[PDB]
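Presented as structure tokens, the chain that follows is alone, the form deposited in one PDB entry.
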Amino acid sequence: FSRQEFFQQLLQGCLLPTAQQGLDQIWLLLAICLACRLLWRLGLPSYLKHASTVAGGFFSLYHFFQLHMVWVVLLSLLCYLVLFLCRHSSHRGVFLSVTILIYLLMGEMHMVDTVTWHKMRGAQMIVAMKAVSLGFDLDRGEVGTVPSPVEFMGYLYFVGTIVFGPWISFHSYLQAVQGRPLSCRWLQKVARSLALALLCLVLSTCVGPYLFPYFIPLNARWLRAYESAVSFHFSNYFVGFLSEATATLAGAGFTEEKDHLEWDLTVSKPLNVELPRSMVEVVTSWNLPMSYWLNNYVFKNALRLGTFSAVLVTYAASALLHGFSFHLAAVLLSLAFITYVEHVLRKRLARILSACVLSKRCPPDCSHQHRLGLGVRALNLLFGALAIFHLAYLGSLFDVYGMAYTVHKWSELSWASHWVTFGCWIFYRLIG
């Protein structure tokens, strides 16, 4: 299977079928998003708009998930029942959260087949995030009154952010229901997001898993780890760009400030996760709306128990949103420990050396002695290489599930990431 023999058929037999399949599977979702956007411009009553997006969400859920969408429908009905029963309370967040938790647990306890649950994990995660965020917004006082049935439904079934789309606050969805003019900035954002989504899709499917033997003349257990990591990262970037494309096509995802309308919904940042500065930056820039949801709700609610327990329960809730499945809770707990130890070691070195080696670039007001130079840049490059190593190790699980499979993968990778994290923690203990 010579390199030239691979490339002679690469273009056609990989770039055309995968792009064509992406288009054939997302064209109807894009059409329905555009139809809802155009229909929310005629100036119908608000409840008509919410009913329209409810019907659009029903049709989209049916198209993607053939008939197993009854689980998402029952999750929405149950979330509304729990929000209505506790509409006058101040605990709405914890009530909706316990309801969501019990639902996901009873689901994973063989309420539905493993394949269909793996298929609908994303839709149910978005519905759960939306319901819990609305509960906590009503609790804290950032949303005035509880929504009517049709408003709550049209929020959960927003045709833009139902299948792929990110979590958007209830007020973002309300502003979307208001609608904004179909300017040239809007179409520019939608077209650019679709182009980047298709580019990242074809990269993840064609160039990712086949770059180290062919695209680079270099070549192994770590080269394949980096290949799989990059393939999964670019698949997720495709999903993110497509999600923001649909959320901007439906109308949502804008920030109107000072009567200046910028369609600036960003879901992922590929240049911050591929060329990282620190694992905290990777976790932040991987999924930006999901990071905002997690940080804000879970972390601000549980910070009272100390920062370490707060981030631990943050990652626990992150693994629970997905539904308890191995290779997705082990990875997330390893991420918790890695980011914690890395940020702590960065703070300790930036204290003992007063240098600019923090986990995030220092603001201009910091009294650090080494703002620039060679030591700071070399140490930042070292920590970036460690972050790339951790990312490749963790993403090796996505070679192109079973606990035995994960232990096998990490054992054939010799557990080097956990050893490195433990060594960094011991080093922090010895320094401080």
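In case it trips you up, residue 1 is the first one in the sequence shown, and so on. Rigid core (definition): largest C-alpha set, two forms, superposition within 1.5 Å.
The form deposited in another entry is left out here; the points below concern that form.
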property: Sole residue of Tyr80, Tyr214, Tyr292, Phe324 shifting 2 angstroms or more in CA between the shown form and the other one, core aligned; result: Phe324
property: Per-residue C-alpha change between the shown form and the other one, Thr266, threshold 2 Å, rigid core fit; result: no
property: Post core alignment: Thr114 C-alpha displaced by 2 Å or more between the shown form and the other one; result: yes
